[PDB]
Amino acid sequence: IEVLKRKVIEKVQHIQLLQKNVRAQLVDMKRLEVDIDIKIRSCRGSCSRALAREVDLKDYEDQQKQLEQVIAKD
């Protein structure tokens, strides 16, 4: 019987995949955010009322800080 380090090195090289993948995620919405928010103001003159919301890039650009430590596993 083999003590397989295979289903490890592999089922861990995946983390590395959906880690780069997400970094795009957390950046596709760090722009979809900004684009959405700016495009909303894009109505306070073609539409009646508009809402006065926020976005926070101290959080959006915070989740990024951790997802940028979680690097190194071999």
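Note that residue numbering follows the sequence shown and begins at 1. Between two forms, the rigid core is the largest collection of C-alphas that superpose within 1.5 Å.
Of the two stretches examined, 49-57 and 16-24, the one with higher mean CA deviation in 4 other deposited structures of this protein after a rigid core fit is 16-24.
The PDB entry assigns residue 21 a C-alpha temperature factor belonging to the middle third of its chain's modelled residues.
Among the modelled residues of the chain, residue 8 sits in the lowest third by CA temperature factor in this PDB entry. Per the deposited record, the Cα B-factor of residue 72 falls in the highest third when ranked against the other modelled residues of its chain.
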